[PDB]
>>> print(open('work.cif').read())   # mmCIF, N, CA and C atoms
data_protein
#
loop_
_atom_site.label_atom_id
_atom_site.label_comp_id
_atom_site.auth_asym_id
_atom_site.auth_seq_id
_atom_site.Cartn_x
_atom_site.Cartn_y
_atom_site.Cartn_z
N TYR A 1 88.11 123.40 155.60
CA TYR A 1 89.25 124.22 155.20
C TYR A 1 90.32 123.35 154.54
N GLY A 2 90.34 123.37 153.21
CA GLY A 2 91.35 122.63 152.44
C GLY A 2 90.81 121.74 151.34
N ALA A 3 89.63 122.07 150.83
CA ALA A 3 89.04 121.32 149.72
C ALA A 3 89.70 121.71 148.40
N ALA A 4 90.26 120.72 147.71
CA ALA A 4 90.95 120.96 146.44
C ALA A 4 89.98 121.23 145.30
N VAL A 5 89.04 120.31 145.09
CA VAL A 5 88.03 120.43 144.04
C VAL A 5 86.67 119.85 144.45
N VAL A 6 85.61 120.58 144.13
CA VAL A 6 84.24 120.07 144.26
C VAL A 6 83.62 119.97 142.86
N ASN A 7 82.47 119.31 142.76
CA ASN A 7 81.76 119.17 141.47
C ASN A 7 80.39 118.49 141.53
N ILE A 8 79.73 118.40 140.37
CA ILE A 8 78.41 117.80 140.24
C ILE A 8 78.45 116.60 139.28
N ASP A 9 77.62 115.60 139.55
CA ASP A 9 77.52 114.39 138.72
C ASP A 9 76.19 113.66 138.95
N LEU A 10 76.19 112.36 138.70
CA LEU A 10 75.04 111.51 139.02
C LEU A 10 75.20 110.92 140.41
N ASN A 11 74.15 111.03 141.21
CA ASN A 11 74.13 110.50 142.57
C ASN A 11 74.31 108.98 142.57
N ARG A 12 75.42 108.54 143.17
CA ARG A 12 75.75 107.11 143.25
C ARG A 12 74.88 106.41 144.30
N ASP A 13 73.61 106.80 144.37
CA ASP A 13 72.68 106.24 145.34
C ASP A 13 71.31 105.93 144.74
N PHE A 14 70.69 106.93 144.10
CA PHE A 14 69.45 106.70 143.34
C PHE A 14 69.74 105.75 142.19
N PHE A 15 70.90 105.94 141.56
CA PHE A 15 71.43 105.01 140.59
C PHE A 15 72.38 104.07 141.32
N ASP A 16 71.81 103.06 141.99
CA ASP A 16 72.59 102.11 142.78
C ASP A 16 73.57 101.32 141.91
N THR A 17 74.67 100.89 142.51
CA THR A 17 75.70 100.14 141.79
C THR A 17 75.29 98.71 141.46
N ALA A 18 74.41 98.14 142.28
CA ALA A 18 73.99 96.75 142.12
C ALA A 18 72.97 96.57 140.98
N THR A 19 71.70 96.86 141.26
CA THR A 19 70.62 96.64 140.30
C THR A 19 70.47 97.79 139.31
N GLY A 20 71.36 97.83 138.32
CA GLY A 20 71.30 98.84 137.27
C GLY A 20 72.64 99.21 136.67
N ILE A 21 73.12 100.40 137.02
CA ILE A 21 74.31 100.99 136.40
C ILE A 21 75.55 100.84 137.29
N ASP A 22 76.53 101.72 137.07
CA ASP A 22 77.80 101.77 137.79
C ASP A 22 78.47 103.10 137.45
N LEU A 23 79.15 103.69 138.43
CA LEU A 23 79.95 104.90 138.19
C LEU A 23 81.26 104.87 138.99
N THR A 24 82.36 104.61 138.30
CA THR A 24 83.70 104.74 138.89
C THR A 24 84.43 105.86 138.16
N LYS A 25 84.23 105.90 136.85
CA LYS A 25 84.60 107.02 136.01
C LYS A 25 83.42 107.99 136.03
N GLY A 26 83.53 109.11 135.31
CA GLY A 26 82.44 110.09 135.26
C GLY A 26 81.20 109.56 134.56
N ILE A 27 81.43 108.88 133.43
CA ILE A 27 80.38 108.28 132.61
C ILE A 27 79.61 107.19 133.37
N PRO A 28 78.26 107.24 133.31
CA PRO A 28 77.46 106.14 133.84
C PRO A 28 77.52 104.92 132.91
N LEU A 29 78.27 103.90 133.33
CA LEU A 29 78.55 102.74 132.49
C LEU A 29 77.76 101.50 132.90
N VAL A 30 76.89 101.04 132.01
CA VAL A 30 76.22 99.75 132.17
C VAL A 30 76.93 98.71 131.29
N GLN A 31 76.66 97.43 131.52
CA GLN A 31 77.37 96.36 130.82
C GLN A 31 76.95 96.14 129.36
N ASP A 32 76.02 95.22 129.12
CA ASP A 32 75.74 94.74 127.77
C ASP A 32 74.34 95.11 127.27
N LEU A 33 74.24 96.23 126.56
CA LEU A 33 72.98 96.61 125.91
C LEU A 33 73.12 96.64 124.39
N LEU A 34 74.21 97.22 123.90
CA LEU A 34 74.46 97.33 122.46
C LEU A 34 75.91 96.98 122.11
N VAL A 35 76.20 95.68 122.05
CA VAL A 35 77.54 95.21 121.70
C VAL A 35 77.70 95.04 120.18
N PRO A 36 78.73 95.69 119.60
CA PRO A 36 79.07 95.57 118.17
C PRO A 36 79.31 94.12 117.77
N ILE A 37 78.44 93.59 116.91
CA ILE A 37 78.41 92.15 116.58
C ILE A 37 79.76 91.51 116.22
N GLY A 38 80.48 92.10 115.27
CA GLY A 38 81.69 91.48 114.73
C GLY A 38 82.93 92.34 114.73
N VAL A 39 83.65 92.32 115.86
CA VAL A 39 84.92 93.04 116.01
C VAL A 39 85.90 92.21 116.84
N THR A 40 87.06 92.79 117.15
CA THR A 40 88.08 92.12 117.96
C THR A 40 87.67 92.02 119.44
N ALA A 41 88.59 91.55 120.28
CA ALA A 41 88.31 91.33 121.70
C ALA A 41 88.26 92.62 122.52
N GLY A 42 89.13 93.57 122.19
CA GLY A 42 89.26 94.82 122.94
C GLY A 42 88.27 95.91 122.58
N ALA A 43 87.50 95.69 121.51
CA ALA A 43 86.47 96.63 121.08
C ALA A 43 85.24 96.54 121.99
N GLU A 44 84.17 97.25 121.61
CA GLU A 44 82.91 97.37 122.39
C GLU A 44 83.03 97.95 123.81
N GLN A 45 84.26 98.17 124.26
CA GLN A 45 84.54 98.71 125.59
C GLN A 45 84.18 100.20 125.70
N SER A 46 83.72 100.78 124.59
CA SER A 46 83.25 102.16 124.56
C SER A 46 81.75 102.23 124.26
N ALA A 47 81.24 101.20 123.60
CA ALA A 47 79.81 101.08 123.29
C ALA A 47 78.98 100.83 124.54
N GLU A 48 79.66 100.63 125.67
CA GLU A 48 79.02 100.48 126.97
C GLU A 48 78.74 101.83 127.65
N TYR A 49 79.01 102.92 126.93
CA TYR A 49 78.65 104.27 127.38
C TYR A 49 77.25 104.64 126.90
N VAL B 1 131.51 90.66 60.35
CA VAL B 1 132.08 89.42 59.83
C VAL B 1 132.31 88.42 60.96
N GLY B 2 132.05 87.15 60.68
CA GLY B 2 132.18 86.09 61.66
C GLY B 2 130.88 85.33 61.81
N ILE B 3 130.75 84.24 61.06
CA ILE B 3 129.56 83.39 61.10
C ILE B 3 129.25 82.89 62.51
N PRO B 4 127.95 82.86 62.89
CA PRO B 4 127.56 82.33 64.19
C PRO B 4 128.00 80.87 64.36
N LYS B 5 128.22 80.45 65.60
CA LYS B 5 128.71 79.10 65.89
C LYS B 5 127.81 77.98 65.37
N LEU B 6 126.50 78.23 65.37
CA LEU B 6 125.53 77.30 64.79
C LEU B 6 125.47 77.46 63.27
N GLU B 7 124.66 76.62 62.62
CA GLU B 7 124.44 76.62 61.16
C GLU B 7 125.67 76.56 60.24
N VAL B 8 126.83 76.28 60.83
CA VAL B 8 128.08 76.11 60.09
C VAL B 8 128.46 74.63 59.94
N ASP B 9 128.08 73.83 60.95
CA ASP B 9 128.02 72.35 60.88
C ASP B 9 129.16 71.54 61.51
N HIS B 10 130.07 72.20 62.23
CA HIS B 10 131.19 71.48 62.84
C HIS B 10 131.21 71.64 64.35
N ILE B 11 131.52 70.54 65.04
CA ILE B 11 131.66 70.55 66.50
C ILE B 11 132.88 71.39 66.90
N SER B 12 132.78 72.05 68.05
CA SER B 12 133.85 72.89 68.56
C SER B 12 133.84 72.95 70.08
N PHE B 13 134.78 73.71 70.65
CA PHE B 13 134.89 73.85 72.09
C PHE B 13 135.12 75.32 72.47
N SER B 14 134.02 76.00 72.81
CA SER B 14 134.02 77.44 73.03
C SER B 14 133.76 77.84 74.49
N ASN B 15 133.32 79.09 74.69
CA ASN B 15 133.19 79.68 76.03
C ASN B 15 131.75 79.82 76.54
N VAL B 16 131.63 80.05 77.85
CA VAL B 16 130.33 80.25 78.51
C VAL B 16 130.31 81.47 79.43
N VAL B 17 129.25 81.57 80.24
CA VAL B 17 129.07 82.66 81.21
C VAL B 17 128.61 82.08 82.55
N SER B 18 129.37 82.34 83.61
CA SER B 18 129.10 81.77 84.93
C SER B 18 129.05 82.84 86.04
N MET B 19 128.83 82.40 87.28
CA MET B 19 128.83 83.28 88.46
C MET B 19 129.34 82.56 89.72
N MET B 20 129.37 83.26 90.85
CA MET B 20 130.03 82.75 92.06
C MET B 20 129.12 82.18 93.16
N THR B 21 127.98 82.83 93.38
CA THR B 21 127.10 82.51 94.51
C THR B 21 126.38 81.16 94.40
N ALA B 22 125.87 80.68 95.53
CA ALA B 22 124.94 79.56 95.57
C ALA B 22 123.51 80.05 95.30
N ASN B 23 123.36 81.38 95.28
CA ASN B 23 122.10 82.08 94.94
C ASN B 23 120.96 81.98 95.96
N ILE B 24 120.57 80.76 96.31
CA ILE B 24 119.43 80.53 97.19
C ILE B 24 119.76 80.84 98.66
N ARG B 25 121.05 80.98 98.96
CA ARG B 25 121.50 81.30 100.31
C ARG B 25 121.95 82.75 100.46
N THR B 26 121.20 83.50 101.27
CA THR B 26 121.60 84.82 101.73
C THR B 26 121.41 84.85 103.25
N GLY B 27 120.87 83.74 103.77
CA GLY B 27 120.51 83.63 105.18
C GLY B 27 119.18 84.30 105.46
N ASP B 28 118.42 84.55 104.39
CA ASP B 28 117.17 85.30 104.48
C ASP B 28 116.11 84.83 103.49
N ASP B 29 115.00 85.55 103.46
CA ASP B 29 113.93 85.38 102.49
C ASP B 29 112.96 86.54 102.70
N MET B 30 112.15 86.85 101.70
CA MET B 30 111.16 87.92 101.82
C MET B 30 110.28 87.70 103.05
N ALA B 31 110.40 88.61 104.01
CA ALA B 31 109.64 88.54 105.25
C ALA B 31 108.67 89.71 105.37
N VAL B 32 107.39 89.42 105.18
CA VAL B 32 106.35 90.44 105.16
C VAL B 32 105.32 90.22 106.27
N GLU B 33 104.84 91.31 106.87
CA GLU B 33 103.74 91.21 107.81
C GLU B 33 102.46 91.73 107.17
N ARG B 34 101.33 91.27 107.70
CA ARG B 34 100.03 91.69 107.23
C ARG B 34 99.18 92.03 108.44
N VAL B 35 98.56 93.20 108.40
CA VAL B 35 97.66 93.61 109.47
C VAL B 35 96.22 93.46 109.00
N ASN B 36 95.43 92.73 109.78
CA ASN B 36 94.03 92.50 109.48
C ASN B 36 93.22 93.79 109.51
N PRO B 37 92.20 93.89 108.64
CA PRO B 37 91.44 95.12 108.54
C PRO B 37 90.80 95.47 109.87
N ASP B 38 90.14 94.48 110.49
CA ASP B 38 89.44 94.63 111.78
C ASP B 38 88.04 94.02 111.72
N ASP B 39 87.02 94.88 111.73
CA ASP B 39 85.63 94.47 111.61
C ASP B 39 85.30 94.01 110.19
N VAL B 40 84.38 93.05 110.09
CA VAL B 40 83.93 92.56 108.78
C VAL B 40 82.72 93.36 108.32
N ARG B 41 82.09 94.06 109.27
CA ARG B 41 80.88 94.83 109.03
C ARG B 41 81.10 96.02 108.08
N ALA B 42 82.11 96.83 108.38
CA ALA B 42 82.32 98.10 107.67
C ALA B 42 83.46 98.09 106.64
N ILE B 43 83.70 96.93 106.03
CA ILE B 43 84.66 96.83 104.93
C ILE B 43 83.98 97.26 103.63
N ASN B 44 84.68 98.05 102.83
CA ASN B 44 84.15 98.52 101.55
C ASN B 44 84.40 97.53 100.41
N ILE B 45 83.32 97.09 99.78
CA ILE B 45 83.37 96.18 98.64
C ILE B 45 83.13 96.96 97.35
N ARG B 46 82.39 98.06 97.47
CA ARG B 46 81.82 98.77 96.33
C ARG B 46 82.78 99.74 95.64
N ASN B 47 83.75 99.18 94.93
CA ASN B 47 84.68 99.96 94.12
C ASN B 47 84.35 99.81 92.64
N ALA B 48 83.43 98.89 92.34
CA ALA B 48 83.17 98.41 90.98
C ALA B 48 84.42 97.78 90.37
#
>>> encode(input="work.cif", output="structure tokens")
Amino acid sequence: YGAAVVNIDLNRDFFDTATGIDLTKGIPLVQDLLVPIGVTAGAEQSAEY
Amino acid sequence: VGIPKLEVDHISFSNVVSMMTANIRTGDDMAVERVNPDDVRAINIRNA
């Protein structure tokens, strides 16, 4: 009695945080698979989606 | 009427045109910034 919001997403268990991906935001974010070769320092932070 | 000071052949003592400033001092100079395009990958060269 008193739930503000419920919802559906990716199970933070089958997709473990250690050996594979990560989910703190909604998007399942992995580190370095497709990094844009030649840009500034703050870029590529979206190509990790 | 009135022949120009030259081509008449005699030395004289006439007038000039001057100003007040030191010119090079305003305490400033053209100050411009430039922003880099960004990526070298997607710059357009093909304008002919």
>>> interface_residues(input="work.cif", of="chain A", to="chain B", cutoff="8 Å", atoms="only C-alpha atoms", output="tab-separated table (two decimals) with N, CA and C atoms, in the coordinates of the input")
chain	number	residue	atom	x	y	z
A	38	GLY	N	80.48	92.10	115.27
A	38	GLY	CA	81.69	91.48	114.73
A	38	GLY	C	82.93	92.34	114.73
A	39	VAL	N	83.65	92.32	115.86
A	39	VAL	CA	84.92	93.04	116.01
A	39	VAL	C	85.90	92.21	116.84
A	40	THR	N	87.06	92.79	117.15
A	40	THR	CA	88.08	92.12	117.96
A	40	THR	C	87.67	92.02	119.44
>>> atom_distance(input="work.cif", atom1="atom CA of residue 15 of chain A", atom2="atom C of residue 49 of chain A")
14.9 Å
>>> atom_distance(input="work.cif", atom1="atom N of residue 16 of chain A", atom2="atom C of residue 48 of chain A")
16.0 Å
